[PDB]
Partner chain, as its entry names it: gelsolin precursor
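Here's a solo chain for you in structure tokens, the form solved without the partner chain.
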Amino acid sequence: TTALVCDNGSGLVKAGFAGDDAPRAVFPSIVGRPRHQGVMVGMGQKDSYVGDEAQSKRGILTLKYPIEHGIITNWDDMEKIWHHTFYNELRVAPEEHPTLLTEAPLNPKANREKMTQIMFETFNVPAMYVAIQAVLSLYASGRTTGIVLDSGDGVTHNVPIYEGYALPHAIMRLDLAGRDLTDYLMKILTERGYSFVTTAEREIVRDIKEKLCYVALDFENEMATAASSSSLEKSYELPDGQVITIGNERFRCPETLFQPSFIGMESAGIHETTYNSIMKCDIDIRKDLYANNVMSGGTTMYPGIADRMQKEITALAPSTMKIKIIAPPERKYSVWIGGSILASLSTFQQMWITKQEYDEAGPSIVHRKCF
């Protein structure tokens, strides 16, 4: 049969079929409900909206994310999103297809236990499997050795792998990702008199961040350049026709990744996190780890982030080591591509958690069979 690969991220849902080169369905992972009163009768109105239909009508809706920091917090909305993905986007029968799901490392066990329970009971899938997103990203690049830096909307994490072996004690997890950057940009936009307070306005700020933000190679030099002249300013048109102009915010927003103290976090930056993850591994594999830094996720798509990470890691690493950052242009879907590749492999077909095994063992079997 044909397996289903579903990457349930905090911000976007990636779904498709195993063997394909790109995900079939990509849409935001949101559920919207009306907050005003309906005075017009005879027209089709629904109590909830999911995905693009919620984005289109966001002006009269309150938008909620069921997944927060890679943890599912509203299982009703998550089930609604899964139903939407299975029926309206891919248009498939769930019980006729094994499904591969993704999860961030160091997550609560109950999250994947409930994922398995929902998949086996509500949708009655024949088989399912839960994988780590960082390993799938390594699969997508055709590599067996390297350290993967994956940063999406909720979670940023590092996983070092050498010759197909993972070192769990060196796994790092950070709760700073895209959504936090969007909130910080939303806060700092008030310096120029721009006020965004609603969940519909938050999406507008996210679009502005995606379309106008970049990572500066040197932060203080960029600050001086922005203070000296107006060559770095850009204009953006709001949906109602208003035009806003932003200056140093464009690179101030992504700077939080390297300086988490901008949002009040004591943790270190992504470069120092990667260096510490490398230094926790055996001395005989650090040289290979230094040359196989793999980037994945939407938050790694800022212009100039790879050069900045290269510079920082070079400044941290010994001068005789060769630092190489791997940033494929398609790294936005590396997790899904690796999941499809894994589901297409012949040797993986006996690693599926089947319905019989679940009926015998309960939801706890995902701990024994998956990682």
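Residue numbers count along the first chain shown, from 1.
Just so it is clear, the following notes concern the form deposited with the partner chain bound, a form of the same protein that is not shown.
Trainee: Using a 4.5 Å heavy atom cut-off, which residue among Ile270, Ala140, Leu181, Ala216 comes into contact with the partner chain in the deposited bound form?
Mentor: After the contact test, the surviving option is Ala140.
Trainee: Contact between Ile305 and the partner chain in the deposited bound form at 4.5 Å, heavy atoms?
Mentor: So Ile305 does not count as contacting the partner chain.
Trainee: Would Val31 show up as a contact with the partner chain in the deposited bound form if we use heavy atoms at 4.5 Å?
Mentor: No, no contact at 4.5 Å.
Trainee: May I ask you to state whether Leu342 is within 4.5 Å of the partner chain in the deposited bound form, using heavy atom distances?
Mentor: Contact with the partner chain, yes.
Trainee: Does at least one non-hydrogen atom of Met309 fall within 4.5 angstroms of the partner chain in the deposited bound form?
Mentor: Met309: no, not in contact with the partner chain in the deposited bound form.
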